[PDB]
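A quick write-up on the structure given underneath.
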Amino acid sequence: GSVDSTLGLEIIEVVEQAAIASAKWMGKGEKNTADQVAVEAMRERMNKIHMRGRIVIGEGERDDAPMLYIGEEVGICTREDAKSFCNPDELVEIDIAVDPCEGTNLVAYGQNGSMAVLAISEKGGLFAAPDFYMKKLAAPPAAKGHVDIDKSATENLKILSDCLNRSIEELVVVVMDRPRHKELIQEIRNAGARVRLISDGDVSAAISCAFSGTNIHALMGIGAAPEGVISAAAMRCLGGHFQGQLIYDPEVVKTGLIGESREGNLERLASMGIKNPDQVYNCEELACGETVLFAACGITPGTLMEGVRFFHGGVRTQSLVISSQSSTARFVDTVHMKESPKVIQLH
Amino acid sequence: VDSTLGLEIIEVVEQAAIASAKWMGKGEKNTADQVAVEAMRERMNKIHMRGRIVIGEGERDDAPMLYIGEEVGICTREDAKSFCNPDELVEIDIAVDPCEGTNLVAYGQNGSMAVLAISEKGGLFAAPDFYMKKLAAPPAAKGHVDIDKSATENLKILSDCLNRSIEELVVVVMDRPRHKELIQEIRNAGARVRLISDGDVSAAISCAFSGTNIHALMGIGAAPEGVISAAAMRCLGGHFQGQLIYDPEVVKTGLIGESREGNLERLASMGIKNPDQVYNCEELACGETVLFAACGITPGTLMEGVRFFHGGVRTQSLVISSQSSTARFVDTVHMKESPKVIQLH
Amino acid sequence: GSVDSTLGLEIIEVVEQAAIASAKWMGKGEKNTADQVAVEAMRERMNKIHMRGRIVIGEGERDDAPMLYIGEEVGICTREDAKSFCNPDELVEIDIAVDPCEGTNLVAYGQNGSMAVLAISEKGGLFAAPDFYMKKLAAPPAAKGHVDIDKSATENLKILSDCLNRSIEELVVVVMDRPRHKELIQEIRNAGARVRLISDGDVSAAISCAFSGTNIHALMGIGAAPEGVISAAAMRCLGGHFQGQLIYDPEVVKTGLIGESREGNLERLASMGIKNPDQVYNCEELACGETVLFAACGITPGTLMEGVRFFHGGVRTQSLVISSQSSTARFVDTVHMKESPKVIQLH
Amino acid sequence: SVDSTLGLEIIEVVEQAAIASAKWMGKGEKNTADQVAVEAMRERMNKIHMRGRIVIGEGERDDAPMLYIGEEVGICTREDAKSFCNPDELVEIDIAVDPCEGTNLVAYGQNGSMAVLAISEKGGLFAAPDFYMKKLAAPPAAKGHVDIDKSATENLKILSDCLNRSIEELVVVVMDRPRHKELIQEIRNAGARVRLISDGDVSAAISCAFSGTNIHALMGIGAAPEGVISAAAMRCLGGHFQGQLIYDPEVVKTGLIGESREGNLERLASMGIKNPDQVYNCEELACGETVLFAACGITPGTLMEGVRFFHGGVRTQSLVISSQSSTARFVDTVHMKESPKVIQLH
Ligand SMILES: Nc1ncnc2c1ncn2[C@@H]1O[C@H](COP(=O)(O)O)[C@@H](O)[C@H]1O
Ligand SMILES: Nc1ncnc2c1ncn2[C@@H]1O[C@H](COP(=O)(O)O)[C@@H](O)[C@H]1O
Ligand SMILES: Nc1ncnc2c1ncn2[C@@H]1O[C@H](COP(=O)(O)O)[C@@H](O)[C@H]1O
Ligand SMILES: Nc1ncnc2c1ncn2[C@@H]1O[C@H](COP(=O)(O)O)[C@@H](O)[C@H]1O
Ligand SMILES: [Cl-]
Ligand SMILES: [Cl-]
Ligand SMILES: [Cl-]
Ligand SMILES: [Cl-]
Ligand SMILES: [Cl-]
Ligand SMILES: [Cl-]
Ligand SMILES: [Cl-]
Ligand SMILES: [Cl-]
Ligand SMILES: [Cl-]
Ligand SMILES: [Cl-]
Ligand SMILES: [Cl-]
Ligand SMILES: [Cl-]
Ligand SMILES: [Cl-]
Ligand SMILES: [Cl-]
Ligand SMILES: [Cl-]
Ligand SMILES: [Cl-]
Ligand SMILES: [Cl-]
Ligand SMILES: [Cl-]
Ligand SMILES: [Cl-]
Ligand SMILES: [Cl-]
Ligand SMILES: [Cl-]
Ligand SMILES: [Cl-]
Ligand SMILES: [Cl-]
Ligand SMILES: [Mg+2]
Ligand SMILES: [Mg+2]
Ligand SMILES: [Mg+2]
Ligand SMILES: [Mg+2]
Ligand SMILES: [Mg+2]
Ligand SMILES: [Mg+2]
Ligand SMILES: [Mg+2]
Ligand SMILES: [Mg+2]
């Protein structure tokens with residue numbers, strides 16, 4: 001059959017539960033704990049769905065990550081003993097990209113910008129990105145195809161100016177606060193644009209570019225490739241601009257494995273069957289499937305989504321779920337009622 | 001009842017609202033009603049469920065769509081056993097009000113929504129088309145106010161329960177001659193009032209959320225709408241009581257030669273032993289599982305109305321489930337399509 | 001001197017106090033009481049301002065309306081000893097148009113759309129409109145000068161469609177629910193636009209056109225002339241489109257009394273020195289002063305402003321104040337603390 | 001008596017300072033972001049018919065060119081003021097300013113920065129020296145129940161009771177500093193969630209006063225002057241705020257060369273501060289009969305939205321609190337510049 005329509009709704013609960021678990025550790029100074037509980041919650045809720053999924057982006061390779069590892073099967077319909085309870089649509093093989101705790105250190109420090117996020121497409125519909133750095137350009141729909149990752153930041157800012165009908169001084173660029181971005185950040189400043197430096201969480205920044213109202217208009221710089229594919233899935237559905245280019249030269253940015261070599265990384269990519277390492281991927285190439293789903297829920301507060309709030313008698317979450325199938329972007333504001341709360345706030 | 005049914009109903013109310021909204025201010029209340037009915041029905045029939053309409057547009061051989069007893073959903077057909085699973089094959093009863101406030105839509109006025117409620121078979125009081133005295137109030141007031149108490153005593157109780165003065169209370173009442181004395185009493189008590197021409201469902205549920213500046217609904221409305229309201233209120237833990245009214249001296253249906261003696265007959269032949277019985281919302285929505293869904297057609301207290309813009313549509317729905325024990329506001333941008341601008345709000 | 005800068009800020013308190021007073025009568029079924037308290041409160045608060053004001057649009061003529069009548073002097077600096085306790089800027093003569101309770105029946109019924117409103121300019125800076133009907137066309141800044149009040153509703157909708165870059169079906173026109181608008185409403189429906197019929201209060205409707213997010217894009221039809229001037233004041237500061245034209249034909253619309261005639265009205269209009277009654281004015285003409293101020297506060301909830309809320313330990317109001325002098329549109333969300341609230345809500 | 005319109009005119013003061021500073025968001029110049037805010041604030045203040053003295057500001061006259069301690073601001077400070085100012089405008093008022101609260105937040109384009117000031121009659125505001133200050137901020141419902149001398153653990157228990165919610169349902173803001181290692185661990189051990197900030201404890205303190213911020217207390221050590229400014233706001237809101245001067249470099253160091261506990265003790269005595277270990281509540285930190293507070297977001301924060309530059313204008317959000325009118329005002333201002341074709345409702 002074809003990807004189950006209700007999947008795009010049911011993923012709301014996946015990210016909600018993952019975020020709620022992770023949020024209990026906000027500012028607790030335990031980044032691995034924040035990450036691990038989100039992983040367990042996401043995996044648990046996904047395994048209760050009537051789907052036949054494979055993790056193509058996750059916590060690591062099979063013998064590195066015990067849960068949500070690359071190649072892991074998730075969903076009721078992956079089980080030999082339960083497959084007969086699944087209908088043809090639910091049996092459709094789908095690939096899944098997960099990032100249960102985007103910004104583990106943001107959560108640990110109780111800082112803004114963290115979220116629980118996943119993306120889905122039919123089998124083979126998501127670029128199974130290796131854990132390499134990725135040069136990224138994110139921009140709003142109005143600039144899609146007009147800006148380009150190969151152009152300089154200055155040129156892109158001028159193009160954004162035209163496309164968004166505002167001055168460069170009236171633009172805001174998000175860049176990760178990293179030494180590798182010193183020249184890039186200086187260039188953006190010299191061009192006249194304002195900047196928001198983030199310590200982590202470039203998935204939220206990228207997607208923020210798509211929505212007029214965030215006062216964020218572009219993401220520039222180098223982040224992680226897997227996160228890039230997840231961002232691209234959202235942008236593909238929203239019609240936003242997103243390009244990525246894999247970085248494999250330790251001179252530009254270091255992977256952190258001693259001792260990394262340009263040829264070393266090159267061989268691995270070749271080994272993974274990646275023919276063109278300098279290849280630039282646009283949005284539709286990183287998320288190329290016929291059906292693309294995206295789900296996110298705020299853990300801590302951010303530009304796109306409110307953080308998880310714990311109050312007397314319940315919890316409140318905010319999620320964004322995007323579906324190419326229904327062609328919708330849904331903001332879900334959920335009050336989770338614990339036990340007969342005497343007061344329920346409208347907002 | 002399937003866990004995903006509580007999410008699927010989002011699309012049910014969204015599509016009903018969108019269709020009806022296209023007729024905002026067009027002065028056709030039946031048209032606005034009919035396209036909503038059809039859209040809700042069509043979207044329901046795409047769902048893997050075996051549903052039955054227990055509250056709807058009318059009886060079979062009268063109302064063409066969403067009539068009493070109508071089977072809806074995929075699993076109602078033969079053989080569902082082959083196409084849907086045991087959870088999906090479960091029999092559920094459905095109460096619909098596809099266009100609540102048909103004149104509101106026709107006039108482009110606030111307060112209309114597409115609404116429905118669900119439970120297991122037997123889980124919803126299949127209210128007859130009679131009037132119902134209603135009392136809705138916030139969870140803080142649940143069990144403290146009472147429908148049999150006067151407006152004045154209820155206001156005093158509300159004052160204590162909500163820790164605010166009567167002057168700091170707002171009561172919603174339907175603008176009807178039958179409420180002249182009630183409205184006068186509320187005014188004398190010192191509470192502020194919002195009079196509505198139609199749509200007491202939104203008013204009832206608004207009592208449940210702090211921030212609506214609405215704290216109670218009082219008066220007489222339709223019984224079916226009462227049940228749908230009670231479904232939401234039970235999930236939220238809000239106060240809701242209803243009492244059937246069958247005395248034309250108090251209020252008339254419009255049926256020719258309608259008599260109290262006559263109404264009582266009808267009620268009995270319908271299987272209702274005590275027509276003067278007060279039901280709380282747990283009794284009106286008594287099923288193990290209760291679901292409630294609403295989407296704004298025009299702007300209102302709980303939800304924004306439907307907006308059409310260049311490149312799509314935007315809706316706001318409220319979905320409430322006792323199974324997940326959640327209240328979900330769903331703000332959906334319907335991209336149609338490839339819009340160059342997407343607003344955050 | 002020039003109109004005092006602080007006057008643009010002081011009028012916040014004027015509309016807030018008028019709206020708060022009026023809101024106490026929400027749903028009481030007394031439209032005159034709701035009107036009178038707003039009138040008195042606005043007047044009282046204006047009389048504490050260091051200004052030299054004259055009412056040019058108000059509740060009626062002296063010897064008829066007791067408060068805020070035509071020609072009434074308001075403000076501390078209208079006193080005979082003014083020069084001694086007022087500075088030059090405070091002594092400038094300003095004309096004031098008031099509508100203390102816009103939508104008295106809305107308040108009486110506890111329905112949406114009522115507000116306390118006023119406009120200010122230097123002496124002569126506001127058209128002292130007579131109490132006649134006025135044909136009006138309101139639209140957003142993007143359509144300014146493109147739509148025209150003399151064009152048909154059908155023509156204007158096509159122009160609006162082009163200007164706002166959306167279809168006619170994606171437009172919302174507000175028209176007063178009146179028998180005089182039967183054909184107009186039908187034409188708008190035929191053209192494919194959606195419609196909001198209002199029972200009262202076309203001031204809010206006109207200004208809503210200027211703000212994206214209101215889902216209101218045009219005001220068409222006939223309303224009261226004085227309300228039109230007040231609306232024109234706001235639209236002038238906002239750059240919105242607003243045209244007015246006096247209507248004095250009893251066959252088109254009647255003022256209700258008595259033995260009224262076009263010829264009779266024509267004489268009265270000549271009597272006030274209104275040469276050309278059929279003259280079409282835009283908002284720059286209706287509010288032609290060098291300085292224009294506009295202030296409004298919601299009484300009941302509406303499209304621009306939230307209504308007045310009374311809660312335990314205070315009151316909450318939302319006002320909109322627009323100044324040509326500071327070139328600002330200010331939404332003022334005020335928590336009035338009746339000491340001392342144990343709980344203060346952020347919103 | 002203090003002029004009523006002053007409580008409104010300060011909207012423009014913080015707006016102009018915030019707008020000027022916001023132009024430097026993420027531009028890596030904390031000193032520039034700071035300088036322009038200072039200048040815009042002072043320039044705007046000097047257009048006001050007031051008789052003001054700076055009691056909290058950028059530094060001593062020798063060290064700071066603008067908004068220095070003792071500087072006179074406002075039209076009615078001029079020699080001929082009696083001639084052009086009225087009696088209320090002639091009332092001597094003390095002013096505390098922090099034109100750029102979080103200069104590095106702005107330079108890095110991070111959340112939490114504001115332009116802010118506080119006003120009272122002469123002697124109405126504690127003229128805090130630039131020393132560190134132990135602070136405890138909490139909501140009105142907890143006022144007088146929590147206490148700065150109590151441990152974080154007991155205060156959290158008290159907060160739980162007052163705010164009717166579990167300790168796990170509380171969020172405490174703490175500055176991310178080594179001096180707070182133990183304090184943070186204790187809060188974590190008690191079961192509360194934590195938001196660590198790199199700067200901007202004024203915003204964190206005031207956020208405690210408003211339900212909806214999901215922030216319930218501020219604990220730890222910040223700058224004393226900022227504390228006084230925070231107290232003015234909290235005093236007007238009925239929120240809890242206590243401060244205690246810290247002068248022992250063993251706890252926290254000013255960084256000045258050879259600063260010693262006795263050194264600071266000597267300095268405080270010199271300044272006329274009788275008891276350096278005294279605990280002040282916000283009524284004591286802001287003791288004036290009339291208190292005014294004004295803040296405008298520079299970058300986005302929990303309390304206020306940041307400055308947005310768009311095609312045809314700027315948008316700011318400010319909070320202005322007055323004990324005189326007893327009002328808390330949020331001001332959302334679209335600065336049109338000019339003839340913008342599109343004006344967003346929000
Ligand atoms: N034309 C406008 N009029 C008023 N406010 C605006 C306008 N454009 C942007 N804003 C404000 O700036 C925020 C960010 O806008 P944007 O930078 O386009 O994402 C919006 O959410 C509004 O608060
Ligand atoms: N304690 C409070 N402090 C500030 N504003 C409030 C408070 N209570 C209510 N409000 C305002 O009044 C609205 C309606 O409140 P309520 O009548 O409880 O629904 C809220 O959404 C706020 O805008
Ligand atoms: N391009 C868009 N994307 C998403 N929502 C929109 C868009 N345009 C308008 N809306 C929604 O419709 C409302 C009214 O828009 P408008 O008719 O332009 O005033 C907005 O406040 C949004 O909720
Ligand atoms: N009783 C409640 N019902 C629903 N949402 C709530 C409730 N209490 C708090 N929240 C949410 O949590 C946020 C912060 O709450 P608080 O920690 O009291 O500031 C609010 O703005 C709401 O979004
Ligand atoms: Cl499994
Ligand atoms: Cl942060
Ligand atoms: Cl990496
Ligand atoms: Cl698209
Ligand atoms: Cl792209
Ligand atoms: Cl859809
Ligand atoms: Cl419950
Ligand atoms: Cl059937
Ligand atoms: Cl109806
Ligand atoms: Cl009656
Ligand atoms: Cl009926
Ligand atoms: Cl007089
Ligand atoms: Cl006078
Ligand atoms: Cl009116
Ligand atoms: Cl004259
Ligand atoms: Cl006609
Ligand atoms: Cl009416
Ligand atoms: Cl009118
Ligand atoms: Cl203009
Ligand atoms: Cl014209
Ligand atoms: Cl003008
Ligand atoms: Cl409205
Ligand atoms: Cl630095
Ligand atoms: Mg992770
Ligand atoms: Mg990550
Ligand atoms: Mg219907
Ligand atoms: Mg109905
Ligand atoms: Mg009036
Ligand atoms: Mg009027
Ligand atoms: Mg400073
Ligand atoms: Mg500071």
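These residue numbers are counts, starting from 1, taken along the chain as shown.
So how was this one determined? The header says X-ray crystallography, 2.3 Å.
Backbone N, Cα and C define each Cβ position, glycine as well.
What Swiss-Prot says about this protein:
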- B:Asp33, B:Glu57: Mn(2+) 1 binding site (BINDING)
- B:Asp97, B:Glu100, B:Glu225: Mn(2+) 2 binding site (BINDING)
- B:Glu100, B:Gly101, B:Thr102, B:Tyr131, B:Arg176, B:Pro177, B:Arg178, B:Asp198, B:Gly199, B:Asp200: substrate binding site (BINDING)
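If you measure from the Cα atom of B:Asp97 (Mn(2+) 2 binding site) to that of B:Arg178 (substrate binding site), you get 23 Å. Within 10 Å of the Cβ of B:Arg178 (substrate binding site) there are 14 other Cβ atoms, across all protein chains. Cα spacing between B:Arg176 (substrate binding site) and B:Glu225 (Mn(2+) 2 binding site): 17 Å, rounded to the nearest whole number. Each of the binding-site residues B:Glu57, B:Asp97, B:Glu100 was scored by other CB atoms within 10 A of its CB, and the lowest score goes to B:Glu57.
B:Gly199 (substrate binding site) has B:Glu100 as its nearest neighbour among the binding-site residues B:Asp33, B:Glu100, B:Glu225, going by CA to CA distance.
Cα to Cα, B:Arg178 (substrate binding site) and B:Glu100 (Mn(2+) 2 binding site) are separated by 21 Å. Here the C-alpha separation of B:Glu100 (Mn(2+) 2 binding site) and B:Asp33 (Mn(2+) 1 binding site) works out to 8 Å. Spatially close to B:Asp33 (Mn(2+) 1 binding site) yet at least six residues away along the chain are B:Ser20, B:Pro98, B:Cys99, B:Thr102, B:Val105, judged by Cβ distances under 8 angstroms. The binding-site residues in question are B:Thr102, B:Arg176, B:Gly199, B:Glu225, and the one with the fewest Cβ neighbours inside 10 Å is B:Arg176. Residues B:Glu100, B:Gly101, B:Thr102, B:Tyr131, B:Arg176, B:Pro177, B:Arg178, B:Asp198, B:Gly199, B:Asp200 are recorded as binding substrate; their most distant pair of Cα atoms lies 21 Å apart. Between the C-alpha atoms of B:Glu225 (Mn(2+) 2 binding site) and B:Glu57 (Mn(2+) 1 binding site), the distance comes to 12 Å. Taking the mean position of the Cβ atoms of B:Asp97, B:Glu100, B:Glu225 as the Mn(2+) 2 site, the remaining same-chain residues with a Cβ inside 8 Å of that point are B:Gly101, B:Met113, B:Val115, B:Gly199, B:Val201, B:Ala222, B:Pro224, B:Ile228. Screening the binding-site residues B:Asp33, B:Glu100, B:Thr102, B:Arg178, B:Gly199 for a C-beta under 6 A from any atom of ligand 17 leaves none. Mapped onto three states, the DSSP output places B:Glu225 (Mn(2+) 2 binding site) in helix. Ligand 31 lies under 6 Å from the Cβ of none of the binding-site residues B:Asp33, B:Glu57, B:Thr102, B:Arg176, B:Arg178.
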